[PDB]
Every structure is written in C-alpha cells, then in structure tokens.
Amino acid sequence: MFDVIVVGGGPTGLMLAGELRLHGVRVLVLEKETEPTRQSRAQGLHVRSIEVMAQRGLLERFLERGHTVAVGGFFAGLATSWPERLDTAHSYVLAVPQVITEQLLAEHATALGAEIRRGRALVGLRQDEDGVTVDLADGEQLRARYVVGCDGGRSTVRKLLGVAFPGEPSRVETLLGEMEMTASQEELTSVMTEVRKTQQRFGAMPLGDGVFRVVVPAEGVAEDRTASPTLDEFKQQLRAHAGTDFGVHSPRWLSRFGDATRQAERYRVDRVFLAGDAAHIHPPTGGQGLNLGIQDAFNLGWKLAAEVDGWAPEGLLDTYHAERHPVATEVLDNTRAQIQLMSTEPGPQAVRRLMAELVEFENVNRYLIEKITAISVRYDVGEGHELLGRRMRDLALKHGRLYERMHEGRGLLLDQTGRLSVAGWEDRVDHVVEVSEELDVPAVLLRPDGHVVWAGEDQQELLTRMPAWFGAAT
Ligand SMILES: Cc1cc2nc3c(=O)[nH]c(=O)nc-3n(C[C@H](O)[C@H](O)[C@H](O)COP(=O)(O)OP(=O)(O)OC[C@H]3O[C@@H](n4cnc5c(N)ncnc54)[C@H](O)[C@@H]3O)c2cc1C
Ligand SMILES: [Cl-]
Ligand SMILES: [Cl-]
Ligand SMILES: [Cl-]
Ligand SMILES: [Cl-]
C-alpha cells in the first residue's frame, strides 16, 4: 500500500509528487498516457511559480532550458510596459514549454524516490475510514491513505465523487496550431501588428523550431469537443480575420479550445482531494492555468505530508479548499474579463479603449501584473500584522538569498534579533538568524510555502501562532 496516490502526470501532480517526498511519503503517480504528449500546451511560468521553483532549488534547471521575458501585454493583450515596482526579486516571465516543465518536474520527483507508473488509468475508486481503494482499467486495485486528483479538466476522480463543475459554458471558440506558412518573415510581422488593433486574440509566435505558433479565432461553437480543425478550416479563419491564409505548408498539430470557466465545488471529500485543471478549468488568457495548478500542489503537499506524519493541526487539510478555491474564482473571473475585453462588439471595445487609458497609470499596470502572476495572493490566516497571509519574497540576507534555506520544505522562522527560538518544534520548523535590509519587521514566521502566519518580535506572542500551523510541541 501507499501513503498518497496522485492521479495524473501533468505539472500539477508531479509538483505535488515531489512536495510530498521532501517529508518522506510513499507516493504513487498514476498517469494514463503512456507517452507524454509533445503538444506544447502552455508556454511558461509566471512570477509566483518562478518564486516557487526557487524555494525548492529547481530554478537553475528551468532557466537553462527557457529564457526570460520582461514585456507588457498579458492582461487582454493590452500591450504596455513591464512595471518597475513589482514587490518581488523575480520580476520576469519565464518561457518554458510545458513539455520541458513536465520533464523537469518528473525527473526531479523521480529522483526524490516517487513511483510513477504510466499507462495506468483510474477507472473507479471508493474510500472507507482507513484509506482509499482505486480500481484501474487493467484490474489492479490499490490502497492509500489519501488520493489526490490531478487529472485535467475532464477529471475522472472529480466525476467519481459527484463534485459538481459549475460555471459558464464555452461560448468563444478559438483555433491554435504550430505550422509553417508560405510568407516572408516581414509579411507576418506587418500584418499581425496591423490587424491586431481590431482582433486581439490573433497572432503568431516563432519558437525557433523554424515553424510558428499561430492562434486565430473560430466561428460558432464546436459540438464534438474532440474534432481537430482541418487545415482548410484553419486557413478560412486566417482569411476571414486577416485576409491571407499565409499558405500553411504543414501543421505539426492543430487544436481547438474554448472559453469555458468551470470550477469544482469542493476541493476535498474526506481522503480524496482535487488539484489543477481537475478542480478548475478556464481560458488560457493570462497564462495562469499551469501556474494555478503548480501552486495548488504547492499549497497541499506540505499539508498532506503534515497529516501522514501525524503532526498536522486539526483543520489544516480543510484550509486547502478554504485557501485555493477563492484563488481559482478570481482567476476564472479575470479570464472572463480578459476575454470580454477582446470581444469585437462596440461595447467591449469601448471598455477596452477605457482600460487602455487606465493601464497607462503605473499603479494600475502594477495592479494587474500582480494579479496575473498571483504574487499578491493572500490567505486569511488570522488578525495581526500587515504581512500575514501574503508570501515572503526572496529576501537578500547577510549570507545568500532567502529562497536558499527553504529547499527541504520545512517551516522557516526568519529572525533578525537572536532572542527568538522554537522549543518543541525543532523537528518541523527551522531557525534562520540573518540580517536583511528589506525586512522592516524584526521576525517573520513562514509556512513551507512562504506565506506568513506571524510577523513581530515577542516570543510569548510567537508561542501562540506556532502551534496553529505547525502542531503541538514535543
Ligand atoms: C490551447 C491551450 C493553451 C494553454 N496555454 C497556457 C499558458 O500559456 N500558460 C499556462 O500557465 N497554462 C496554459 N494552458 C493550461 C495548461 O495546459 C493546464 O493548465 C496544465 O496542464 C495544468 O496542469 P494539469 O496537470 O492539471 O493538466 P493535465 O495536462 O490535463 O494533467 C492531466 C493528466 O492526467 C491524465 N489522466 C487523465 N485521466 C486520468 C485517469 N483516470 N487516470 C490516470 N491519468 C489520467 C491525463 O492523461 C494527463 O496526462 C493551456 C491550455 C490549452 C488547452
Ligand atoms: Cl534532485
Ligand atoms: Cl464532472
Ligand atoms: Cl469610435
Ligand atoms: Cl492616461
């Protein structure tokens, strides 16, 4: 038997898979696809995920196989400027194909001692009070204390629990594909930049592979939800929205995605959880899809490992739903807003012209970039300091950076005084004493995910909030 079984080998499960191994947890990653899809779906990590990959040391290998981007135009394609006061030390956008992201997270989680069987497909599941049982299409039953569903929008775990997927259906179809075109490099760059003024969900991305990532709107609503668009369909759209089919020489793949904004009603059913697209689907606008799943897994693994190790507080697991569900709503909302700001109708365009006036304000631009990147995500932890709930940025200390002490996923107590000490939580929380000109407060208590639950200077006050998130002393 296992401690935790995850269902899904995407970036969400493999992040959860490694976040458990840090604490020694028997994890099994069940993945249906035998060969990982080369269909580059996403295109990179935003600021918070980059922060996340640094708190665990995986950032060096992400920058080797991607490149940084510091340009504006993420909110509804309102081309702007990258802000200059982002409250972070990783003020850029990383451009890594999801295939490489899946690869590095798997190679890391594998190297952390995590079974990942591919070709296994969960067909049924049921749970008692002592664990959860899992039936596969081949016939193997599996036992685990906790099962988490990280298996995409059409999640099988979600449907086997009765968790509803309420929201708005897909009403704006859009076509996408990686293909060559019979046109001069200048020919694309002069037409795209020209027509974009009216249609804002249209453009071309060369990724070096000689071929181009081209997205073009679609007419109507596809009923099949599984019918690949013919090249002729793809060509007619380019002509109807840009005037020239560009002559596609050949497609490597053609996809058709919608704008459905659904979100699971419950993130937890006793011993079964949901994370990633399995708990929330939404339009790709803003690049928050993959970043949302990584940070859901980054919210749960240390809580799930806190329970299997038998030191988690009472309602720790219940907060996974109570902290990550409001994030998906707000993200599902602005995607609804960004899609609206791209509508061709006279109304939406008028509101687009209005936002175009507002993003000229430095604080307004900073406010939206802080929202797409989710660096201003704040949990309700408890009354107190202005820092409670928010994540701590990479503070430059006397010796080294802050995100260098957080690799082993342990709770951190950054002290500037030397008169603090945890007694009875050494087994879970570390004690880092270092100076930082960036932290006006004397001390900060960080959860394994960087979110502050206490910031101050009194120890008797610290002795209150230590057990509420780290358990009773030894
Ligand atoms: C056109 C398009 C463009 C996108 N662009 C971006 C972007 O620019 N930036 C961004 O951040 N996000 C983007 N996304 C979203 C991104 O693809 C997802 O958010 C990302 O995959 C989330 O991680 P995941 O592991 O939960 O998803 P998934 O890849 O769907 O993980 C599901 C895995 O579990 C497997 N599985 C399914 N059922 C079972 C079962 N019963 N048993 C075992 N295994 C099962 C699946 O086969 C799959 O391998 C885009 C999506 C689309 C469709
Ligand atoms: Cl490693
Ligand atoms: Cl469902
Ligand atoms: Cl006008
Ligand atoms: Cl202005």
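Method reported for this entry: X-ray crystallography, 3.3 Å.
Backbone N, Cα and C define each Cβ position, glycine as well.
What Swiss-Prot says about this one:
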BINDING   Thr12, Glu31, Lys32, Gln98, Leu122, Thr156, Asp277, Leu290, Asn291  FAD binding site
BINDING   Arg196, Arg213  rifampicin binding site
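In this structure, the binding-site residues that sit close to ligand 1, with a C-beta under 6 angstroms from any of its atoms, are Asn291, chosen from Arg196, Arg213, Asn291. Around the Cβ of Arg196 (rifampicin binding site), a 10 Å sphere holds 15 further Cβ atoms from the protein chains shown. The two recorded residues, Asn291 (FAD binding site) and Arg213 (rifampicin binding site), have Cα atoms 21 Å apart. Counting in whole angstrom, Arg213 (rifampicin binding site) lies 23 from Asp277 (FAD binding site) by their C-alpha atoms. In the three-state DSSP assignment, the secondary structure recorded for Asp277 (FAD binding site) is helix. For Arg213 (rifampicin binding site), the count of additional Cβ atoms within 10 Å of its Cβ stands at 17 [all protein chains shown]. A C-beta separation below 8 Å, combined with a sequence spacing of at least six in one chain, links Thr12 (FAD binding site) to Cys150, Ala275, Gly276, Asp277, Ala278, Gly293, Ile294, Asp296, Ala297. In this structure, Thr12 (FAD binding site) is part of a helix by DSSP. The Cβ neighbour count for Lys32 (FAD binding site), using a 10 Å radius over every protein chain in view, is 17. For the pair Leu122 (FAD binding site) and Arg196 (rifampicin binding site), the Cα-Cα distance reads 44 Å.
Between the CA atoms of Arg196 (rifampicin binding site) and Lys32 (FAD binding site) there is a gap of 39 Å.
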